[PDB]
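Scroll down for the structure; my scribbles are underneath it.
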Protein chains: 2
Amino acid sequence: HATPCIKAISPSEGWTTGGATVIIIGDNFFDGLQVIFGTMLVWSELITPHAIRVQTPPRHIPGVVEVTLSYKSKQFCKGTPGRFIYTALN
Amino acid sequence: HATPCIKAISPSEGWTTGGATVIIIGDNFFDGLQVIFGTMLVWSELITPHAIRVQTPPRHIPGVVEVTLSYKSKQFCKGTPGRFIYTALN
Ligand code: EMC
Ligand code: EMC
Ligand code: EMC
Ligand code: EMC
């Protein structure tokens, strides 16, 4: 299908303080594609039609989150969500 | 420990004629790092310590290649190399 799809993300770990640049790669990306990162909608930008750059949001609490894709307030469910582990320095 | 390594490549397939923009994600990337497509070495452009950008070199014959990294004429090899598949239009 031509539905947006995440292959992998790097880095897949980051501090709770956030702000680190994450690259999401996969299939069928387009400008306007929204990225949802631990439930927060983040600013994003296509590097190519196969790569997206986002900054990690801050997160109150350490642990695994999902990275998913959405457009016009409607999420896509093709494939496997990106997985990102927040860690606390503290 | 601090060694450049490939997690994934997007897209992982290209035409034998080369020139395609490819994003490679991983860890420990830096300025001046080079990429080997089977036997062909190309330059990269750093995006973050976790992603680089290359243009695929042409390959005379279609097929699967191992993708590895290099710096100062010295190839790295940590973990599982990347896989890129050349396809012919003909
Ligand atoms: C299911 C391939 Hg991004
Ligand atoms: C978990 C359904 Hg997009
Ligand atoms: C530890 C292989 Hg990027
Ligand atoms: C041939 C695996 Hg460094």
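By order of appearance in the structure tokens: chains A, B, ..., then residues from 1 within every chain, and ligands from 1 in the order shown.
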Q) Residues at most 10 Å from region 76-81 of chain B, counting only C-alpha atoms, excluding those fewer than 6 positions away in the same chain, as number ranges by chain? A) B: 1, 3-8, 35, 65-70
Selection to disk with N, CA and C atoms, as a short mmCIF file (atom, residue, chain, number, x, y, z; two decimals), in the first residue's frame:
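As written to disk, selection.cif reads:
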```cif
data_model
loop_
_atom_site.label_atom_id
_atom_site.label_comp_id
_atom_site.auth_asym_id
_atom_site.auth_seq_id
_atom_site.Cartn_x
_atom_site.Cartn_y
_atom_site.Cartn_z
N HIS B 1 32.30 0.37 21.23
CA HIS B 1 32.57 1.62 22.01
C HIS B 1 32.93 2.78 21.08
N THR B 3 32.18 3.35 18.09
CA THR B 3 32.42 2.96 16.70
C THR B 3 31.16 3.15 15.84
N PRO B 4 31.32 3.81 14.67
CA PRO B 4 30.21 3.98 13.75
C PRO B 4 29.62 2.64 13.36
N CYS B 5 28.30 2.54 13.41
CA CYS B 5 27.61 1.34 12.97
C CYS B 5 26.24 1.64 12.38
N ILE B 6 25.85 0.81 11.42
CA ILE B 6 24.61 0.95 10.68
C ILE B 6 23.49 0.19 11.36
N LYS B 7 22.39 0.89 11.63
CA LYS B 7 21.16 0.27 12.11
C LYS B 7 20.25 -0.04 10.92
N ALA B 8 20.08 0.92 10.02
CA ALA B 8 19.21 0.73 8.85
C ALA B 8 19.51 1.69 7.70
N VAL B 35 31.12 5.84 3.11
CA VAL B 35 30.26 4.68 3.04
C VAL B 35 30.68 3.83 1.85
N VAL B 65 24.23 -5.90 -2.16
CA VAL B 65 25.56 -5.54 -1.66
C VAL B 65 25.56 -5.34 -0.15
N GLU B 66 26.70 -5.63 0.47
CA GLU B 66 26.93 -5.26 1.85
C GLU B 66 27.35 -3.80 1.91
N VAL B 67 26.81 -3.08 2.88
CA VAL B 67 27.11 -1.67 3.06
C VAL B 67 27.89 -1.49 4.35
N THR B 68 29.07 -0.89 4.23
CA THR B 68 29.96 -0.71 5.37
C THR B 68 30.47 0.73 5.43
N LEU B 69 31.06 1.10 6.56
CA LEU B 69 31.58 2.44 6.75
C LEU B 69 33.09 2.48 6.68
N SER B 70 33.62 3.68 6.47
CA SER B 70 35.05 3.89 6.31
C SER B 70 35.43 5.32 6.64
#
```
Q: Pick out the residues sitting within 9 Å of residue 2 (chain A), and hand them over as a list in words; count only C-alpha atoms, and ignore anything fewer than 3 positions along from it in its own chain.
A: residues 5, 27, 28 and 29 of chain A
Take the residues that were just selected and, keeping N, CA, C and O atoms, output them as an mmCIF file, in the first residue's frame.
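Wrote again.cif, looks like this:
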```
data_model
loop_
_atom_site.group_PDB
_atom_site.id
_atom_site.type_symbol
_atom_site.label_atom_id
_atom_site.label_comp_id
_atom_site.auth_asym_id
_atom_site.auth_seq_id
_atom_site.Cartn_x
_atom_site.Cartn_y
_atom_site.Cartn_z
ATOM 1 N N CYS A 5 4.488 4.489 6.870
ATOM 2 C CA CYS A 5 4.947 3.275 7.503
ATOM 3 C C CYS A 5 6.326 3.557 8.094
ATOM 4 O O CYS A 5 7.184 4.096 7.403
ATOM 5 N N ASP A 27 8.432 4.210 4.651
ATOM 6 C CA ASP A 27 7.828 4.246 3.325
ATOM 7 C C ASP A 27 6.629 5.188 3.243
ATOM 8 O O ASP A 27 5.880 5.349 4.214
ATOM 9 N N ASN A 28 6.451 5.783 2.066
ATOM 10 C CA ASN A 28 5.236 6.516 1.722
ATOM 11 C C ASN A 28 5.016 7.806 2.507
ATOM 12 O O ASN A 28 3.878 8.235 2.689
ATOM 13 N N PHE A 29 6.106 8.425 2.959
ATOM 14 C CA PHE A 29 6.038 9.719 3.633
ATOM 15 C C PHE A 29 5.685 10.831 2.638
ATOM 16 O O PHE A 29 5.927 10.693 1.433
#
```
Q.
Please identify all residues of chain A having at least one atom at most 8 Å from any atom of chain B, considering only C-alpha atoms, and return them as a ChimeraX atom specification.
A. /A:8-11,21-23,25-26,48,50-51
Q.
I need the residues of chain A that end up classed as strand (DSSP E or B) by DSSP on the backbone, written out as a ChimeraX atom specification.
A. /A:5-10,13-15,21-27,34-37,40-42,44-48,51-55,63-71,74-75,82-87
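We find CA of residue 85 (chain B) and CA of residue 31 (chain A) to be spaced 26.6 Å apart.
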